[PDB]
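Given as structure tokens, the chain that follows is alone and in the form deposited in one PDB entry.
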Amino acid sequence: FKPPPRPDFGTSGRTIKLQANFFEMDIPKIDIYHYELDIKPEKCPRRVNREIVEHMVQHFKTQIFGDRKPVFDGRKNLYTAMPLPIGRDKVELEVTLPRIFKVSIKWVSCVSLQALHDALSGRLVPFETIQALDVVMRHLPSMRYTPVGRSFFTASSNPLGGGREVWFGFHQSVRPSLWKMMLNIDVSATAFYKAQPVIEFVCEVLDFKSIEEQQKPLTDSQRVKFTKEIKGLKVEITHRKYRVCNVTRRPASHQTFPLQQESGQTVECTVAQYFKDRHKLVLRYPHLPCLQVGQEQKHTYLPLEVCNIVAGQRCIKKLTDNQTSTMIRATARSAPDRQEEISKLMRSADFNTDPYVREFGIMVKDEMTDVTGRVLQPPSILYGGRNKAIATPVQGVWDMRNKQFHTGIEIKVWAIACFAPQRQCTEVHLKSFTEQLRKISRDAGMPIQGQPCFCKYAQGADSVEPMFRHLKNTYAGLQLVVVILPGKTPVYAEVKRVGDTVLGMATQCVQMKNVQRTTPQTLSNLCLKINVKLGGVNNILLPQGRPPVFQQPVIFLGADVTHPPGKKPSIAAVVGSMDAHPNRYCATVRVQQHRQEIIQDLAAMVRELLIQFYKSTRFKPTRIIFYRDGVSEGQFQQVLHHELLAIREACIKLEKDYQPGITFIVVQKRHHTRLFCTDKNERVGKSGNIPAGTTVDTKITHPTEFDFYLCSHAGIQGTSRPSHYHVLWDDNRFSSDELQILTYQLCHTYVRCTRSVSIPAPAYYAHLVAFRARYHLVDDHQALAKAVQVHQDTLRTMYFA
């Protein structure tokens, strides 16, 4: 129900000077006065509400507001530094924008900043005081810029193509820490739609240099693709803003709507004819479809050539792989560069001269908060083979030179299925690919003996299943099927569907480009995946170098939900460790309500995993460590309540007497906390990021509760994101050190690479499982749940790697 208090502060690891993008706030101990606004109409967007309030204050300066500078959240909440002269009697006013709005205002409450001050000093926090402050800090930026969630953006020019742009901006949030309010400031970038004529948008989306080419009506594929892009976007009439709900199938010349004549009789009129009569405009592109806008009942159709994409619309739909890359490149920058850009932003913002921030007596320090971090020692990684070598991670990285798998699978029989045309992937490549792959495999401790028992070409996803059917029936003890692919193909989804859910055969895909040109590291990394799919153990944590939680049987869980890019379900995935290393993880997966973050059927999934744990280890875990992927800030209270109880329920419906301690940990990567090295000698790599294993549980952390930051990974590009961990529940009474080290060591058990990853393997695996479930669904609730279900032989292994 309520999160546990911080048990202690960590002492493990060597100290390191850090700077966080948290700026200390000096806040008065006054009382803010909270007024409620009811504006009619009641569903105008926040910007309209803000200008209504802006004009309202200036208009009623004489008798109401005077010299005061109130702040406003854009909805119903308005705050003042000192009380307005109306006591508590509601007041009805009328505001005029260039049209009329009835605005009532009644005093509702006071917000004590003193109540916050001591909430920051024991007294185990008022969310409403934090919200009031938040409204003060972001009142001026809300008028000045384009707000998006907790961020602000403006147009600077930076195209991603396909009618999209990169706008730069910043995140802003007011955050509690011990003995201070903090202002979290980070630079940000996000995708926006270009403000352009829809015609040009059609060109960029359909790759037209000129609308003049394509002088004919769109194909069906052209049309609906254009539909998916513009659908839901707002357009404006050059001639009034509208919401596009659909694109017509018919061209403007033949698309019709019911038009009532003066006789009262309605007749079907074409869009082209209507615009010719009513607006005296002859359509230049009548062969193109129309935009359906507003309520569908209204039959409102707009020609493309009279519409512009409305400025300031953030792109939410998934970017193409190239759009993503261009965005990554344009936004990525080293830790020092980011640290400087934040500084510039602080100078530029200049919060101390902000009238509203001044009005409420607030002050913001221009220096980044100094924080002492602790670089935890990494675990040793025990390999096997003849050598039994131990790897010592350096900078969150290690390798397999002169090392062999803990338990390497001795592969004897295996097949190859190449879906690339031999025109590009001749038998030359396959046999050299095989030769190089085996030498690396020999060295890896997972030796592939003998040439592949089977190697054929094939094409089309239509041929996967029968080809796979053939293989399992004709080759005894067939261990692996190496599939080769061209590029992005639906064959992949089919290969995984048949392989994971139907026949239960281990399949390893690889692209044609990688087939042609093989490097040892790429091959070695490919062997990492292959070995675990066949039930091998690449490596394990050094058993003696483990936290004491492993003293008694324990299961490690990872949970996450992947959401669709309407009417498609979200997919919940929960993985569970099946041994004491811990290496092997069993997956559970559930389809559920569209965009529901809460794992509905979690109790059944935990039950299932506890059974499998017992079946694998003959032990019932005395402790359940639950790493839950990040959740929306309101949803924390919702998630904790349903899912913590679901976990308890699983234990009880298993046995009345079964009651293991649960540790519920939310792991967040989606925040804007950035940590920088104070001393340049501590910078790692070209990106100059903090070293792997850096842990912060002081200064910027929660005043009462048990949370910490842990940057477990090496920062390769841009600025690192230290994963935030928040313990919402802990029966096991973990110390700070043991939990932090446990978490850090679990980040070294990720089998797809010999590096410490940014989150613990369980959480990462959960994401892989949920993501793999999408591909299983590519081909009605009963059917979907079934299509997601994995083959029971496959369920043993980590097929998702």
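In this text, residue numbers run from 1 along the sequence as written. In this text, rigid core is short for the largest set of C-alphas that superpose within 1.5 Å between two forms.
There is also a form deposited in another entry; it is not shown, and the following applies to it.
- Candidate set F626, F192, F708, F613; criterion, C-alpha shift of 2 Å or more between the shown form and the other one after rigid-core fit; matching residue, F192.
- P660 shows a C-alpha shift below 2 Å between the shown form and the other one [criterion: core-superposed Cα displacement of 2 Å].
- Once both forms are fitted on their core, the CA shift for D399 between the shown form and the other one remains under 2 Å.
- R683 is not among the residues whose C-alpha shifts by 2 Å or more between the shown form and the other one once the rigid core is aligned; its shift stays under 2 Å.
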